[PDB]
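Following: one structure in structure tokens, then a few remarks.
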Amino acid sequence: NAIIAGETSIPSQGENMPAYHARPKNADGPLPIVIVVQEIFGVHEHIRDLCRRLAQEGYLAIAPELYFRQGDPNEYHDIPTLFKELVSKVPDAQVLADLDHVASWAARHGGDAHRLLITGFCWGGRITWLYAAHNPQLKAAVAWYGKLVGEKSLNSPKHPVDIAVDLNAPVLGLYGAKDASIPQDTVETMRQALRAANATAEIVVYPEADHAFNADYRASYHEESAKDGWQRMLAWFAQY
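The opening residue of the sequence shown carries number -1 in the deposited numbering; numbering runs sequentially from there.
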């Protein structure tokens, strides 16, 4: 299925946020939109590949450079410094407002405002849960191995466990059993929160997978889980 891809700016809270976008070539009309939320590495080649893979399925997929005001993840060469000096300085409130601006831009650039979807990975998987409790227009969300519970900070004052109560859209989580950064007890805490909220949501846990099991360029890749998760994501989105 032929696609077309590009880099654009998205007008956002008064500033121009870089973004990559991909979509099917000869589209009939307005497209379902998938906002794609980066890991801490920014809109890496891998994230651009994912947007193109989504476009091959018929989606207008858009990955915004969410860290642009605070800094460039390519200026860091160790994860701890990247976390401390950049990631931990990007406020959740800013991120959710930027995602709203991506949705706004998408509706005037080939997307259908009534068919908004989101998926995100790692750092982006946590943001995915948050966004599902933020935008009442959102139709569905797929969060891949996003942190569920945490200590709070002023930049990041709520975690997915806290907002389960405010979820607006069905959320599918794709999680790895071997992920030491997201222990299974925390998945249980989140399941308790979702049940108490009577939210439409489920978390699928892959027995053999670690964190970042869809990152096909990294050693954490687990092919069987990544391919199953990708099909579960498409199934979750299929009706919208």
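Using N, Cα and C, we set each Cβ at its ideal position, and we do this for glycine too.
Beta-bridge pairing of residue i - partner residues as DSSP gives them
| i | result |
| --- | --- |
| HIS19 | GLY4 and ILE60 |
| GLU13 | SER10 |
| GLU73 | None, per the DSSP bridge assignment. |
Residue i versus the options, residue with shortest Cα-Cα distance
| i | options | result |
| --- | --- | --- |
| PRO205 | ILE45, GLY227, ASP214 and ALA194 | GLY227 |
| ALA233 | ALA105, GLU55, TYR129 and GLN68 | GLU55 |
| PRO78 | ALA95, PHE39, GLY109 and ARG113 | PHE39 |
| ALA236 | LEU114, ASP96, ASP90 and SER179 | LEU114 |
| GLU83 | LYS225, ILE8 and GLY69 | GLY69 |
| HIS209 | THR187, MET188 and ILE180 | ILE180 |
| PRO89 | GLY4, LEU152 and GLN135 | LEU152 |
| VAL85 | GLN229, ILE31, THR117 and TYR65 | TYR65 |
| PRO134 | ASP164, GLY4 and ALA91 | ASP164 |
| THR126 | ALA104, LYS150, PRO158 and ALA111 | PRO158 |
Cβ shell of residue i (< 6 Å), same chain only, five flanking positions each side left out
| i | result |
| --- | --- |
| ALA162 | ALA191, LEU192, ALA195 and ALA197 |
| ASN72 | none |
Endpoints, alpha helix (DSSP H) assigned at residue i
| i | result |
| --- | --- |
| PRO78 | 77 to 83 |
| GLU55 | It is not in any alpha helix (DSSP H) - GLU55 carries neither H nor E in the DSSP assignment. |
| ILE161 | 158 to 161 |
Neighbourhood of residue i by C-beta, 7 Å cutoff - its chain only, sequence neighbours within 5 removed
| i | result |
| --- | --- |
| residue 242 | Any answer about residue 242 is impossible in this case: the structure gives the chain only from -1 up to 238. |
Beta strand (DSSP E) segment containing residue i, residue limits
| i | result |
| --- | --- |
| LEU172 | 169 to 174 |
| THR187 | First-last for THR187: 182 to 194, but that is the alpha helix (DSSP H), not the beta strand (DSSP E). |
Does the count of Cβ pairs from the stretch 126 to 143 and the stretch 171 to 182 closer than 8 Å reach three? yes
Stretch-stretch touch, CB-based, cutoff 8 Å, three pairs: the stretch 121 to 131 with the stretch 22 to 41: yes
Whether or not the stretch 94 to 102 and the stretch 10 to 23 are in contact is what I'm after, with contact meaning three or more pairs of Cβ atoms, one per stretch, closer than 8 Å; do they touch? yes
Does the stretch 16 to 29 come into contact with the stretch 45 to 60, if we say contact requires no fewer than three beta-carbon pairs (one atom in each stretch) closer than 8 Å? yes
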